[PDB]
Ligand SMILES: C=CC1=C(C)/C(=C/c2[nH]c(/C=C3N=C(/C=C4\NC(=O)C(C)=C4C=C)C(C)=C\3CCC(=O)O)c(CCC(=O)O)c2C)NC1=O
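Take a look at this single chain in structure tokens; it is the form deposited without biliverdine IX alpha (BLA).
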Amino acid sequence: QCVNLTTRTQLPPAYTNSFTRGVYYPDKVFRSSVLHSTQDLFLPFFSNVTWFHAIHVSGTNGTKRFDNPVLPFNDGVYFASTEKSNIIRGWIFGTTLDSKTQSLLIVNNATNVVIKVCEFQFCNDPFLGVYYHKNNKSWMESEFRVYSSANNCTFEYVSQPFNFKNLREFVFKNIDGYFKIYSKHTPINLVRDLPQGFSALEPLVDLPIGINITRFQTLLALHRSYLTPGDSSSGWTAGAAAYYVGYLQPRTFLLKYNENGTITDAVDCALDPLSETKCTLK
């Protein structure tokens, strides 16, 4: 049972620059002191990435501003989030996000992650509902509150869970019937922007889902310190978490491989003529 959190449909999203982000290891082979050219669905350098702010707005403005819209999935998406206290917890992928078609549910409680692809009738605004208490000063159990019905399940997988301080990055890609996740976790300290630096994502898992993926919606966990059974959707706060979504595109890259096998630099071969001449000169 889910009670609609917000009446406002949308707010005008503002975009930031993804400076040299979202580079993932193309293959599982080791290379040292090697400049390597590889073609894949990479995220274009200096692109436009939508900036989402799920934070509590000041009391003068309307009481609710947190946003979790159903966003398109276009040949893979790039996802980042700068947060503390694990506000973001899971994502939902699927075509219609309703009962007739299958969809992928990937939700991660701090101790564990559940990855189920099953027909799901979804709530408009799905959220994991945590509660907190004042006398004990401890944080308590949660309520899932993400789907009304689950039927015809075909794959279950459970594994170890995968200012601002934490910067988590994920790249999702569906190719040839497999769903592949690339991840990287990096402590940072710039509060409101993507860092100016290079980080390489490592292959976490590839799954044999075999489902059509057209749209995805992020899952945020919300906290309220009082619970009554007959009244909900009143008193939820989003804390302070921001997530960023970019879109992948078929592009050619040239990668600098370090002595110890790390990826330290890469070049977009279509940014400008200078980048193209660097890509061809290698």
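Each residue number is its position in the shown sequence, starting from 1.
Beyond the structure shown, there is the form solved in complex with biliverdine IX alpha (BLA), which is absent from this document and is the topic of what follows.
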| query | If you drop biliverdine IX alpha (BLA) in as it sits in the entry with it bound, superposing on the site C-alphas, does this form leave room, or do 3+ ligand atoms land within 2.4 Å of backbone or C-beta atoms? | reply | blocked
| Do residue 190 and biliverdine IX alpha (BLA) share at least one heavy atom pair within 4.5 Å in the entry with it bound? | no
| query | Taking heavy atoms only, is residue 91 within 4.5 angstroms of biliverdine IX alpha (BLA) in the entry with it bound? | reply | yes
| Should residue 204 be counted as a contact of biliverdine IX alpha (BLA) in the entry with it bound, where contact means heavy atoms within 4.5 Å? | yes
| task | May I ask you to state whether residue 77 is within 4.5 Å of biliverdine IX alpha (BLA) in the entry with it bound, using heavy atom distances? | result | no
| Joint contact, 252, 275 and 279 to biliverdine IX alpha (BLA) in the entry with it bound, by non-hydrogen atom at 4.5 Å | no
| request: Report the residue, out of 155, 73, 170, 164, that has at least one non-hydrogen atom within 4.5 angstroms of biliverdine IX alpha (BLA) in the entry with it bound. | output: 170
| remark: Taking biliverdine IX alpha (BLA) in the entry with it bound and a 4.5 Å non-hydrogen atom cutoff, the residues of 179-193 making contact are 185
